[PDB]
Structure formats: C-alpha cells, structure tokens
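Okay, so here's the structure we're looking at.
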Amino acid sequence: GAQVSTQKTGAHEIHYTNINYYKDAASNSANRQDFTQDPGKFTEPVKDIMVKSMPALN
Amino acid sequence: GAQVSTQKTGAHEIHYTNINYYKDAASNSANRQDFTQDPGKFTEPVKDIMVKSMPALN
Amino acid sequence: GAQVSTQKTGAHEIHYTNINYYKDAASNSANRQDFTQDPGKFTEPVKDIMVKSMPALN
Amino acid sequence: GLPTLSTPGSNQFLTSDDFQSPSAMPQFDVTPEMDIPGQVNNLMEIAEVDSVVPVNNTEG
Amino acid sequence: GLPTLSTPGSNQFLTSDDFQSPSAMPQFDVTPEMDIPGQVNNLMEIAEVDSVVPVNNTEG
Amino acid sequence: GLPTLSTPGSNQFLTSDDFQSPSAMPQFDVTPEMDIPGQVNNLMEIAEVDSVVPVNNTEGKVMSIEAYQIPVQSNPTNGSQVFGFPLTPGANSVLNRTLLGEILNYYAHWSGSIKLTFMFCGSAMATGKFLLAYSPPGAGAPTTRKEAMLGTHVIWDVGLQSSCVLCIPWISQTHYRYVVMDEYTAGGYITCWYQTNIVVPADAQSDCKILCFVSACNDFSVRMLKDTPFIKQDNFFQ
Amino acid sequence: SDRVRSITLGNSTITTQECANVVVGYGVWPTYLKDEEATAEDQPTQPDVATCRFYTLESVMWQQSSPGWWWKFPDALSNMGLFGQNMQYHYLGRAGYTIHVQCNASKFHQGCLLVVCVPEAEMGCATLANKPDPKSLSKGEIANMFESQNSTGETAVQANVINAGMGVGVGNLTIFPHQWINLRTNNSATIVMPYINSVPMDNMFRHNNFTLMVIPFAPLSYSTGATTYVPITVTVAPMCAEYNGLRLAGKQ
Amino acid sequence: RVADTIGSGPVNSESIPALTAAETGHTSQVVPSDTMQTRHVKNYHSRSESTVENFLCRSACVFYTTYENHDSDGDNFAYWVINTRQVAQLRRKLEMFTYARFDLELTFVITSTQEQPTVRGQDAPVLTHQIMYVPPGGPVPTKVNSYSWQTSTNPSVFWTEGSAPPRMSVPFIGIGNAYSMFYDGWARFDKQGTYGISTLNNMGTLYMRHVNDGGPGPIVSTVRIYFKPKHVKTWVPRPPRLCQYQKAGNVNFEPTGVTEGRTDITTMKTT
Amino acid sequence: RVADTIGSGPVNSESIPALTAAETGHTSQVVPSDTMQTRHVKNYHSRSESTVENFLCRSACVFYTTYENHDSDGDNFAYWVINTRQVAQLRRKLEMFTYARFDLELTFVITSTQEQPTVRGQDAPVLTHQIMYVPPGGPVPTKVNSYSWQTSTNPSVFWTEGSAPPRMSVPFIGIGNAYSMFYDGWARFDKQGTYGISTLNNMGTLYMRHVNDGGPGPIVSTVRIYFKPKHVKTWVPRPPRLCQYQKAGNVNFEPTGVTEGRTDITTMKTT
Amino acid sequence: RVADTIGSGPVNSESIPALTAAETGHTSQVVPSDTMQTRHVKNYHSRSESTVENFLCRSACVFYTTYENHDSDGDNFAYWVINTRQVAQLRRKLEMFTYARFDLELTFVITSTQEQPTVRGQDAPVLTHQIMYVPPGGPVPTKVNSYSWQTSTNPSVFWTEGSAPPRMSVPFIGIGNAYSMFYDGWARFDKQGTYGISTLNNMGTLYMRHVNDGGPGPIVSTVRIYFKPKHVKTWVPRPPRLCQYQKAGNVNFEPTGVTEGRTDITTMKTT
Ligand SMILES: CCCCCCCCCCCCC/C=C/[C@@H](O)[C@H](N)CO
Ligand SMILES: CCCCCCCCCCCCC/C=C/[C@@H](O)[C@H](N)CO
Ligand SMILES: CCCCCCCCCCCCC/C=C/[C@@H](O)[C@H](N)CO
C-alpha cells in the first residue's frame, strides 16, 4: 500500500512514494502538504458581509 | 512509483531503477543525464544566417 | 525493473533477483554467468579444416 | 541479508527531518476531536488581520 | 525509517564478494570496443591447446 | 526488522557520489525561473567558440596585446616561415590559455578536430598568399615550405575575405589524446609560410598583423574531469 | 546587395555602407516584460519613440597607441534626453539596446578593433585593498580608457588592457556578443543586446548591466600623408524600455 | 554524442568554405570534409562529461574552521558566514558563468585532535557536535551555551563522531531568479558604500560547537564544509579567471601575462 | 498559492474601495488594483512554509539535565516533570495559539564528559542509558537501583553511546479535546489554590540514569530533550508574547514598551 | 558444460583418427572413443569457474604504503602512481593475455598503529582519512595541507576508521580500445627513450592523508589497495610468466629452467 505524492518542485519549471511501517497513526511523518486557508474567520467576522466598492456605513 | 532509466553503458557493445524517498525536489539526485546542446547562441549570433560554402562578405 | 536469473545450482538435483541501483554500468556486479566458448580460434586455425578420421597429409 | 550500503547522512539528527518513528504508546486511543471556533492553518491568516501600528513611537 | 536488522557478515570485505558499488567517475564515456582477433572466454580454451612437454627434463 | 547486510562502501563520503539526502528546508518555495538569454548546457558549447590565440607569445610580448599579433611583411626571400607551434592544445603555451585550452585543462583526455581561423589585418591595398599547414608527427617538424607542403595544407589568398580557415583533422592512432602531454600522444605541427609575398603599393604599410582564432569542430569531446593546475591558493581569501 | 544597411528607430536612421551582419544578443531579440515574468505590480510606462531612438555619444580618436576604451550602460545614457529623464523618475527600469560603433578609415589605413558587450563587468581596483570609485568605473558618456601598463591609483580601476579590467585574458572576451572592425573590410559594428540580468527589472543608477569595450588588437597604422585623425563614434538606441515605480527624481 | 565525419572527395568549385569574414563575430562551422579528402567515420564519442551538471556536480571544500572542547569563549564555538568565494577551486568553476541556479548538497567532514596539556586517565566519551544555520536576522549565539542553541526554528544537525559525514540538501534559496556570480553595481543608489559581488551576499551564517561540555584534556575539532551543486542551470558563460584571486569580496587582481612565453613564434618546444 | 494582480486602468466612479469604516471590526479586502493602475502579474508564490504545521514542525530543545556515573543519590539519576514552558523559543510559538492538538516526536541528544578526580588506567566501556516515562501515579524511582527501573509497564528506552539520537512518537495524550496553552481559571472551585495554566499541567515525569554501574573515574552525562509537534491543529490565534518570560508556571511579566522608539514621527532612520 | 563420452566398440577401418600431422599447427580433436572402447557417460561437469571473468574477478592487493599522524612533510602524506605491475600475483594473471578491457572495483583496507614516543593521557579521537585521485595533469599536493586537497573536481573518498573498507567502481578508462599488457615498441618515433610496457602507463596518481591534524602521540597508517577487474574481455592469450619478475616497468628476467629436473626420462617419482 504505497502512496505516491508530489514533491515541492518550484513553479516556472515530480513524485515521491511513501509506505507507512508502523501500526499507529502517531508514528507517521508530518502533514507538510496541507494548504487549506480561510482568513474570513478573522478578517471578516461581520454579520452583514461588507462589499468593497460600497459605502461601508450606509 | 519507481522510475527505470538507462545506465551510461558505452558504445560499441542496461537499466537502473530509482524511487525518490523525500518530499522535496531539492533532495533528489543529480540530473546527470541531460544532454541538451545549442552552440548557435554563442557560435552564430549573426542576424543574417551565414552559409558556409558562400562568400561571407557579398 | 527487477531481473530474475538462475543461481548456480549443481547438476544431479532456483532463481535470484537483482535490481541495479546506480546510473553507471561500471557500478554493476560481475558477469559471472557468461559461458561462451570457442577453442577453434587457437586449436584449429588451419585454413583447410582437417577431418579427424582422415589422412592428415594427403 | 539484503545487501545494503549506508550513505552520508546516516545517523545524524537534523532538526527539520521528516521520518516515521515508533510510537511509545501502541494502540493509544486519543480523545475525539471537537470543533473549536477559530481554527488556523497558515500564519498568513494572522498577518492578514489588521493590528494597530505605533506610529507615534517617540521616546517616552 | 524502514525497520531493519543487520546480519553477521555486515561490513566485512570478502575478496570474492559480488556487489554493486558507486562509480567514482559518473557518466564517463568509455572508448568504443574494437574487435581484436583472438578473444578468450575460458581458461579451458587455452588448456585445449597443445604445448611442448619437456619429457627429457633430466639434470642439465 | 528486514534482515540486511552492509557492504564495503558503507558510510564513506565519495565526492562524486550521487544519492538523495533530506532537505533542511522542507516545503521551501523557490523563486520562479526566469529565462535569461545565453543558457549553457555543455562546456563544449564554450570550446566551440573562437578565442584569440597568443601566437606571438615571446618573452616581453606576453604582457602586451602584442602576444596576439602575428607579424607579416613584404620580404626579399621566398617561402619564409611565418610561425609554428605544436598541436598540444592542452599543454602548449600558445594554445592552453584560450577558451578551448582552459576547458581542456579541467579534463584528462580530449579528442577532436580543431579550427584555426586567420584574420588578415593589413590594409585593403595589401595582397599576399600564405600556405597554412598541419603535419602529423613521426618525421620532424617541417623546416621548409617544401616540407610543410607535403602535408595537410590550405593556400590562403588575401582579398575581400579577410579570414581563412585551416581545419586540423583528427589523425591519431588512439581515439583520445591526453591533455597532459605525452610523447605517445604527440599530435603533430602547425606552421605557416609565405606562398608568394605581401605586395603593397607605395604609400601603404608593408608591415601587417594577422590574428588567429581557435575553437573545436563538431567531433570534439573531452573526458575525465580533474582540477586545473591554473588556480592556486595559499590560504582562504578574506 | 547586403553589406549595406539601414536602421530606423524613432526619428533616427542609421545607414551603413560596409557592415558584416548584425550580431544579435545571445540570439535573443529584445522584448517587453511578460506578465509571467513580472514581479513589480504597477503599470509600467513604455514611452516609445521618445526614448527608444539613436543617441550619439561623444567621439573618441583612435591613435596608434590607444590601448582601448569602455563605456558602461545605462550609465552612458543617463543624460540623453527622455531616456535619461525616465531613469531619474523611476525606481525600476529595463531595456535592450542596438549599439552601432562607427569608424571609417581609408584603404591605405589598417587596424582592427574588438567591439564587445560584456554583461555584468565587475572591475578590479588598481590597489588590492580598495574598491574603485564611481568615476574610475564610469565617466558617463565619456569613455574611460584602458592602459598598456599596470595602472596605479589608490582608487582607480586596474585598467591594463591585457586583463580587460576583469582579471581574465583579454583575448577570450570573445564568448561575449561582439564584432570586429577590421578597417580593411568593415567600418562599423552593430550589436543588439537583449536585457540580461538575474532579475526582471532593476534600478538603473545602482547597477550597470553591461559594458561596451572597444579594443584595438591590430593598431591603427598608415603611411605619412594619410589622414591621422580617425575618430570612433558610438551611437546607441534603447529598445523596449519600460519603467516602474514613479516618484520624485534623482539618485540617493 | 558527436558528429560523424562524412566522406568527401576532390572538388573544383566556386563555393569557398575555407574563406570567411570573422569580423561578423561569427565562428566558422567548417569541418575537415570542407578542406581535405575525408573518409567516413562513425563517431561514438559522447559529451556526457562536459554537461554543466557533471562539471559542477562534485563535492568541493568551501571552507573549514575549528573550535575547542573546553578553553573559553572565542575558542569554544565557531561560525562562518556562508559564501563560495574563499576557495580558489570551486569559485573559479562557478565563475565561468555569470548567473546560475542550483540546489546544494552539503556534506561536513568533522575531525578531532588532542592538544598537549594532556592529563592522566584521559578517557573521553564520544563527541557529538551541533551545527546550526542562522538565517539573516536570527538571534546569533554569543557563547557555547547561549539560549539560541535550542534551535526551535533554525535548522541544526547533531552528529556524533565516527558515524559518517552528516549531509543535507538545500534548495535554490536565492531571492532573485538566479544566483549572480558578478554584479557590476552598488548596494546604495548613491554609489557610496560597497561595490561589486559582495553587495548581493546575504546567505546567513553557520555556527558550530561541541555538545558534550569540556572535559579535562583539551580537544580541538575542525569542521570541513563541502558544497555540491545539483540540478544546475547556468547562463552567460565568461572567460575563466586568469589572474589569481586576492580577495574574497571582489575581483581585485594583479595584472598578469596572457600566457607563458617561449623563445620565438617558431619554437615547437612545448614549455 | 497567492493571488495574481489583475490589470486595472483609469476610473471615475462613485464606488469608493479606499473608503471604509474600520469600526466594524472588519479588515479591508483592498488590493493595489483598487487604488492605482495595475499591470497583470501571474504570481507563483506559494504559502507552503507558513502553514501551521511547517511552522511548529521542527525539533526544539525543551530542556536538559544531568546525572553522574557514580557519586551518590541525588547525582546518580535525574528526572524532569514534562512541560513545555521552561524554554523561551518553543513556548512562544505554541503560545501564538490558545488551543492546539498534535502528536510529538521526541528525540534525545545524550552526551558524556569526564570529571577531574581522574584515576590511572581509566578505560571505560561504552555507556548505556535508560530513560523511563512515569505516567501520573506510577511508582517513581528513589535511587539508581530502585525496583521501578524494571519497567514492566512504563515505557523506557535503553540507548548506547555513539549510536544516533533515540527517538519516539507520542500521540495527542491530552484528556480534553485539545491541549490548552492558556487557562484563565483555577484548579479548585473555591478559587483558593493555583490559578493559571499550571492547573492543567499533569503529563508525567521522565527519569534517566546510567545503566552500567559507577566506574573509578567520575562521569557526568547531559540529556537534551527535543520536542517536535506533528499532525498539528491549532485554534484561536493570539498576539505573540511581548514581555519576556519570568516564570514557567504562569504568565507573569514586567511591563514593557510596545516597541523601540525613534526621535520623531518623521524619522526614516531604521533603528 | 563438458562433453559426454559416447560409447564406442570394436573397429577395423582405414580411417585413422590417432594418426595426424602436428606440423599443420593444428591441435588434434581426438577423444577416448577414437582409440579405445568407451562406455557412455553423461557428463555434468561445468566450466563455470574457468571463465575469464571468474578467473580475474577476485580482489587482489596491488600495493600499500604508509603515512603518519604528525611528523613532517615526507611522512605526513603518501602517494602512489597507479600501475598493476608492482605485485607478482595479479600481474601474472593479467599477463596471461596481451590485451584486456575491464571495469574495476577498488577496495581499500586502512589500518593504524601507535608509534613509540607515547605520551601520557594519550586518548585519540577516531581517525578520518582522505584519498584523492589526481588524473594526469592535475595539480598535485605538496604537503598535508596544500590547496589541492579541496578536491573541487578530482574525486576523493573520506573514510573514518572502524567503518568498513571504502569501495568504488571505475570504468574502462583506457584511451585505446583496450588496456595493453605488452607493448613491443617505443614512446618516441626515433626509438630513443623508453621501450616497453611503461610507454603506455599514464593512469594518474593516488594521494592519501589523515584529515584530523597531528596529535601528541605519533601514529602510522597503512593503506592497502585492492583491484578487482569486472566485466572482463580479454584477447590474445600468452604463455604464463616463467621467470620471476625483476622490475615493475619492463619484462627483464634472469634466464631460468623450463622445469624442475628428475633423474632420468624413466622416473615415476613425482618431485
Ligand atoms: C543545517 C545546515 C543548513 C545549511 C544551509 C546553507 C544555505 C546557503 C546556500 C548558499 C548557496 C550560495 C552560493 C553562492 C551564491 C552567491 O554567489 C551570489 N552572490 C548570490 O546572488
Ligand atoms: C519513553 C519516553 C516517553 C515520553 C512521553 C512524553 C509524553 C508527554 C507529551 C506532552 C505534550 C505536552 C505539550 C504541552 C501541553 C500543555 O501546554 C497544556 N498545559 C495541557 O493542556
Ligand atoms: C577516488 C579513487 C579513484 C581511483 C581511480 C583509479 C583509476 C585507475 C584504473 C587503472 C586500471 C589499470 C590496469 C592497468 C593497465 C595497464 O596495464 C596498460 N599499461 C595500459 O594500456
């Protein structure tokens, strides 16, 4: 059960391969490839949206 | 995801096998098999071609 | 690209497996299984064959 | 044994290495995740938030 | 790391061993083979050739 | 554990080894490539470019742009020698410092044809014919034009085309010669002689210069990397 | 035909009666910066015809003892009309150039110049423990000169021609884009240089980019009576010049 | 792979291959067949070893320094501000190109030696070293036991003696699109200040020390640092360095002759 | 990956992007295009290295202590009650978040040194150490040879000198749904007693010792402990610690200025 | 595999297998069946071990030399100009053939010893050696710390004591189409100068040294070099060397008897 992922390659111009050998998920290597991103939680917690090109205070 | 390439064999008379084990392309071995070659950049940068059998200065 | 060959077993009564890991043919193990054999070069370099049961000098 | 050859790097401890390692507590059953407001994934989510700049940082 | 266990024999240097080894000269382009008369493959090709026996190997 | 057996070679550090290694900076995002003019892929692209050969590398001239200027003039005699140097590109002072020679010096063996181009820098009113020749080893070096002429030669006639090419064919018993200078690997002699003479009208200089360039032909290749003997050091620069 | 030549940029035309070809950069022809290669986000100015035209620098006289001359670009053009004004008002800029070196003699004259453009020509100081000074490096549109003996100076550039001020064999300057002006056949050299740098754009005052070097390998020579005044003129045209980061003007 | 030499025979034409005009700044593409009678040769020679990658891709010492087990405060630990210009060899190779882009494979050879004020019953346990890389701006150590050695973020390697050269790979960490080997410019827009390649140089500092604290007998360890470019891309080739190097931060040189000399333009005697 | 800057041109509208009301507690989502003429830029920059995991996922020393081969009873063995607050570096990083959940990769660097009363013919066999983790409640050792070192259930590592940093992985062992980096509360419902983060701290104790019993010459060994969070999840980001740390068990601080100062609001001279 | 002996019976023919003419320079292809009554034998014997490859393919010491940790300048480092003629054993094997082509597997056995002016508290850290190969023409070292040891291009091996024989593989590096074991010719066309096999010999030099600089007590290390031909091709077999060797650079010999003698052509007593 080998897993083939993608290496960090760079941008203006390849895969790896991993097999887990231990019975415990804690033994696994790092999740260095998780790129989820949601600023909205902290940057726009306002209940009434807020459009940019609009008069902020009506 | 094993990659099979060709060894430097010699000419007047075979494959390898590589698996990358690291998440970063920088960890990979050398690109010792890249044989691109273009002298034209330095040997003939002249705008008007230049044929060999011809009178260089017309 | 694993290669499976035959072990020296003996005669009056099995396979191995090899994978090459280096980019250069010189890194490979020995050719201990090449059994070509041609004495004719040294034992019979005579231009006119020479049959055994025959009178050597006619 | 499978013929092997050790390479430079063997046995070093690089702080930013990333390998698997045995777990000292086999089969340990972790406590179920919850769902806390405000999860963060990238430091940039923080840098994208306004902070008050001390422009008037003179002496006293 | 892949759990491994070293066996007796590890690190010895046996003169008749047969393993792969890194090449000190990567990508070295050898000189094309030729085709020389008289190739030999087995010492027996030599032993199958007549040599003059010194039967009269007395003293002087 | 998977039963394993370590082999000779384990733990050594061979400078020309080629293995993978962990990256100290995981997930580092490199800066996008650009596209710069002049990319190079093989040192041979450089060795294929003409460089000015210091044929006139005598004594005091070696620190003067003069090292590069071959003297040529009108003479009262016939078939005089203009210059001469051996085909020992890797080790001879005439050639070893050119782009070609510098690259040869990072290697131990070389093989190929070489092009020598001669550019006449006289004046438009000067004329002359020269005989450029290459003589494989074995007999000596030619001491007269009749001797040189019996070998590989081109007869250059000065006119509109300032330049002319003597191409030196690869004639060796080996396949590769050492850059290092061995009598076994001797490569012959390059010489030039007046075929006629530099004739010029009155009120035009009779003394002219000729520049000579070198580069590899398309069959050229070097083998066996080594450090150059050309760069020393006593201790770390600061 | 084909030794003759005509080049028009802006409101300026150059004509040649006897050239070779036109050497082009490293085969690359100049072009504006692509969105995929760009990093500075502001909209660039691309004046065009007002900036990409032929500027003729001061002439220089070739004498039988001249070791050579050199000019640094963009520096040499920092005072030329609008090209110079754009350099002042902008943090960043980039451009290519068509360089046309002129030098006519007579048929009875002789000599041969190497005309090279050396990208990134860092120069050495005459005295090892110092750095040369701005002016020893570039006198603007005024050529600096190489010397035929070790220069001495406490802050001067080690200008002995044989090492081209860079610590290399002057005879190998050839791997750089170049042409020769062998009076016997030529009379001008034209070299188009694409923008070469390790960044998409750069400040035009603090970085020089490439240096034009004109070096005689066969000295001017002639018989008495022949004119002894043989100037070498240099006309250059920026190509595809764009600037970014407008603000007030100056260095600093 | 190289070109076959195609067989050619007699000629009597008005095509003149041998005659050109080098003024054009163009290198002639002549081959033997153009000026002599050639036989056909199937050439098998390859240019594998002159590929820029195989040329630069061999580990090279770029520096070394020392530090001591005991002895206090300079001696205790060492540091090096990373740069490739303090050694002749490598520096001249990289310098055959104006710009380059590549990854690196660092290998360290660390060796130890005993110093004279010996002591009796000296029987020291094996030594473990720590090398820490401090990116520009990071708090730098001031003595063998400064807080900064805790490396919560800077990368470090801990290596024990007798166990095979520690090694890592580092990406192209440049901030431009390539590493510049030359820079004919200044760091400041007013041109006051530094001039030359050093204006660009800001790759951080390495710091090394012993981990086991000082024992009775003094010990000195030397750290040799090796660089091996990998995944190489190189632009704008230049002439190889003629004059020897004088300084690490600039191109300063003593004028030097173009070649060795010989007696006359006629001497076949190779020097 | 980051955003491309989309090209924009002149405007003359009644849409006012630049004007907002920060009172809303909402950060403006303006970009260059909104206030100036922009060119198009295809941005390839990635935020790979600021991911919470890559930020915390690097081994960091969290402590170290020592013990001696021979010398009797304090000295003989050492112990440490696990906590991440005795070091500045790591502690400040974890503390950029209020709650966190993660696995750990422990690595130990163990080094030994000789002490002065030397002895002749001192030639000591290699040293083997034992580290034992004692979960809260387990019988703790009282001297180098207490019965508890038999570890029939507590996990322990036996490691020999010269053989590469012992290492293990430990799961998220918390009893809540996350590790709390802050706790504005008390341990007792009557508020008497401890207050603050220490009320939560109960992760056990580590115990180390030499295994080979004391030889002639005295030896001291130091155990450096490294923590490396893995498989990280973090909630409720907070301002980075300004004031230096004073105590390991609380947030006590000495008031400190918001930044360094400068001469006037007009000084461009960067400090 | 070998031939079966086919059963044969009585004969009374005019075909005479036993009678030939050796003058032809042709070896008779007779077998038992031709001169006697044979039974059938299915022969399973194989000639696997006499294959040229198995014959030459076993590591053989080709030389060894020594150098010292401390002591200054000859002593400090060693060098060897590669050649296979300084040892009897291997040399005689390769020499059973005129030309040969093969790859090589180098293995080095490096051992160290203490020298008498001992010193007290001598406790030396492990030793690391460096071996460098200098292709013909490369700048050669002049003392243990010459710049050339930085090996930016020459290949080198750094090996630490106690860790298993360093080993590499080297291709057929010859410049001809095969390595010549004999050369009945001269290096110069005028026949003045050297004559014989040495004219061809130009394979470079090996250089070795200690890396850790000299400690109190003197140490001498010996480097044994092993060659193992691989991927062997051999042409033109020749008689095995009779006379013992005298010189490494030529075939010079002292005449010697064809065999040992015995009392008469009638003595069955094996010597
Ligand atoms: C745990 C150890 C980590 C070690 C990290 C080392 C990082 C440094 C890599 C430097 C590569 C530099 C090569 C030189 C480039 C310079 O020539 C140019 N001046 C820059 O433009
Ligand atoms: C054989 C060796 C086994 C070693 C086992 C070590 C287990 C301890 C893991 C501790 C992770 C703790 C990180 C800190 C959390 C605290 O900040 C919070 N106060 C708890 O809510
Ligand atoms: C890092 C260590 C690199 C070591 C490289 C050693 C290279 C030398 C290989 C030599 C093979 C030579 C065998 C002998 C051949 C001679 O008999 C003939 N005279 C040549 O024709």
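Neighbour counts run over all protein chains shown; Cβ positions are idealised from the backbone, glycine included. Here, each number is a calculation from the coordinates, and none is a lab measurement.
What FRET efficiency comes out for the pair residue C:57/residue F:144, r = Cβ-Cβ distance, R0 = 41 Å, nearest 0.05? After rounding to 0.05, the efficiency reads 0.10. Structural size metrics of the stretch F:22-128, computed from C-alpha coordinates, are Rg and Dmax of 21.2, 77 Å. The modelled label-to-label distance between residue J:30 and residue G:58, using points 7 Å beyond Cα along the C-beta direction, is 10.5 nm. Viscosity 0.890 mPa s, temperature 25 °C: give me the Stokes-Einstein translational D for chain G in µm²/s, with Rh taken as the Kirkwood radius over C-alpha pairs. The diffusion coefficient I find is 129 µm²/s. Taking the empirical scaling 2.2 N^0.38 Å for compact globular proteins as reference, chain A has a Cα radius of gyration ratio of 2.02. Across H:103, H:184, H:34, mean-square fluctuation computed from a Gaussian network of chain H (C-alpha pairs under 10 Å connected) peaks at H:34.
Within chain I, the longest run free of exposed loop sites, counting trypsin sites (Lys or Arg not before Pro) that sit outside DSSP helix and strand states (H, G, I, E, B) and have at most 13 other Cβ atoms within 10 Å, spans I:2-119.
Neighbour counts of C-beta atoms inside 10 Å place H:243, I:57, I:243, J:61 in the sequence I:243, J:61, H:243, I:57, starting with the fewest. Shape class for the stretch G:55-167, computed from the alpha carbon gyration tensor (a ≥ b ≥ c): oblate, with a/c not under 1.5 and a/b at or below b/c. Label-point spacing for residue I:238 across the identical copies (point 7 Å from Cα in the Cβ direction), in nm and ascending order: 5.4, 8.7.
Within the stretch I:97-197, the ratio Rg/Rh, alpha carbon atoms throughout and Rh by Kirkwood, equals 1.11. I'd like to know which of I:40, I:54, I:24 lies farthest towards the positive end of the charge dipole of the stretch I:1-100, counting +1 on Cβ of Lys and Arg and -1 on Cβ of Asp and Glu. Among I:40, I:54, I:24, the one farthest towards the positive end of the dipole of the stretch I:1-100 is I:40.
Rounded to whole numbers, the Karplus 3J(HN,Hα) couplings from phi for the stretch D:7-18 are 9, x, x, 3, 6, 7, 10, 9, 4, 10, 6, 8 Hz, using 6.51 cos²θ - 1.76 cosθ + 1.60 with θ = phi - 60°, and x at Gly and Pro.
For the stretch H:1-66, the list of GluC sites (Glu not before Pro) that fall in a loop by DSSP and count at most 15 other C-beta atoms within 10 angstrom reads H:14.
Built from the Cα atoms of the stretch H:134-271, the convex hull projects on average onto 16.3 nm², one quarter of its surface area. Once you reduce the stretch D:1-53 and the stretch F:51-92 to the center of their Cα atoms, the two points are 69 Å from each other.
Summarised as an ellipsoid, the stretch J:35-131 has semi-axes of 48, 18, 12 Å, derived from the eigenvalues of the Cα gyration tensor scaled by 5 and square-rooted, with the largest first. In chain D, helices alone account for a calculated mean residue ellipticity at 222 nm of -1500 deg cm²/dmol, with every DSSP H run of four or more residues adding -39,500 (n - 2.57). The ranking of J:157, H:126 from fewest to most other beta carbons within 10 Å of each one's beta carbon is H:126, J:157. Remark on residue J:214: its backbone amide H falls under 5 Å from those of J:70, a criterion applied only to residues 5 or more positions apart or on other chains, H modelled at 1.01 Å from N.
Residue by residue along J:258-267, Cβ atoms of other protein chains within 10 Å of the local Cβ number 3 on average. Taking a ≥ b ≥ c as the square roots of the eigenvalues of the Cα gyration tensor, the stretch I:220-261 is oblate, since a/c reaches 1.5 or more and a/b is not larger than b/c. Basic side chains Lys and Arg get +1 at the Cβ, acidic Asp and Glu get -1 at the Cβ, and with that the dipole of chain F about its Cα centre reaches some 820 debye. Of H:143/I:247; G:139/H:191; C:8/J:93, which ones are farther than 22 Å apart at the Cα? Table pairs above 22 Å Cα-Cα are H:143/I:247; C:8/J:93. Over the C-alpha trace of the stretch G:2-89, radius of gyration and Dmax come out as 16.8, 52 angstrom.
Prolate is the label for the stretch H:173-212, because the ratio a/c of its alpha-carbon gyration tensor axes (a ≥ b ≥ c) is 1.5 or higher and a/b is greater than b/c. Normalised by the number of residues in the stretch H:146-267, the mean separation of alpha-carbon contacts (under 8 Å, six or more apart) gives a relative contact order of 13 percent. Computed from point charges on the beta carbon alone (+1 for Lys and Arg, -1 for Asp and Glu), the dipole magnitude for chain C about its Cα centre is near 60 Debye. Across all C-alpha atoms in chain J, the radius of gyration and Dmax reach 26.6, 93 Å. In this simple spin-label model, placing a label point 7 Å from the Cα along the Cα-to-Cβ direction at both residue J:238 and residue E:15 gives a separation of 2.4 nm. If you plug the beta carbon distance of residue J:142 and residue A:13 into 1/(1 + (r/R0)^6) with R0 = 41 Å, you get a FRET efficiency near 0.35. Among J:254, B:44, D:48, a tally of other beta-carbon atoms within 10 Å of each Cβ gives an order, fewest to most, of J:254, D:48, B:44.
What sits nearest the axis between copies C and A, counting only chain C Cβ atoms, is the residue and whole-Å distance C:2, 8. The calculated FRET efficiency for the pair residue E:49 and residue J:194, based on their C-beta separation and a Förster distance of 41 Å, comes to about 0.80. Ratio of Rg to Rh for the protein assembly as shown: 1.01 [Cα atoms; Kirkwood radius as inverse mean 1/r over pairs]. Residues whose amide H falls under 5 Å from that of residue J:63, counting only those 5 or more places apart or on a different chain, are J:225, with hydrogens built in the peptide plane. Comparing J:149, C:57, F:167 along the charge dipole axis of the protein assembly as shown, the residue lying farthest to the positive side is C:57, per the Cβ-charge model. For residue J:66, the label point sits 7 Å beyond Cα toward Cβ; its separations from the matching points on the remaining copies run 2.6, 4.1 nm, from shortest to longest. With a simple spin-label model that places each label point 7 Å from the Cα along the Cα-to-Cβ direction, the separation between residue I:247 and residue H:71 comes to 4.4 nm.
Sorted from shortest to longest, the distances between the residue H:119 label points of this copy and the other copies are 1.5, 1.5 nm, with each point 7 Å from Cα along the line through the beta carbon.
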